[PDB]
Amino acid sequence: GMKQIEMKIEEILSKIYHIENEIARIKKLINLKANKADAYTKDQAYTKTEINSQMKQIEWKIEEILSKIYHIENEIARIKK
């Protein structure tokens, strides 16, 4: 009777020790994780694709401008010839 209880107690203590070691490992893993309060999401930041689209709009306007200037410089060269 006592022997059976003692055996169950030994198994219980082993399970508890194992749990305590799992919890220690979990605490270490948690500390490797980023906080919600810090990490940027779609609510805070643009994606690469979103930035690329905005930059592309600018770049087309730059190229159009350069093209207009090149034409202007040729016009001036014709006037002064």
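Numbers for residues come from their place in the sequence shown, where the first is 1.
Splitting the chain's C-alpha B-factors into thirds, which one does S14 fall into?
Middle third of the chain for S14's C-alpha B-factor.
* Lowest, middle or highest third: where is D38 by Cα B-factor in its chain? -> Tercile = middle for this residue's CA B-factor.
Relative C-alpha B-factor of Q44, binned into the chain's lowest, middle or highest third:
Middle third, going by the recorded CA B-factors of the chain.
**OP:** Pull the Cα B-factor of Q57 out of the PDB entry and bin it into the chain's lowest, middle or highest third.
**Re:** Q57: CA B-factor falls in the lowest third of its chain.
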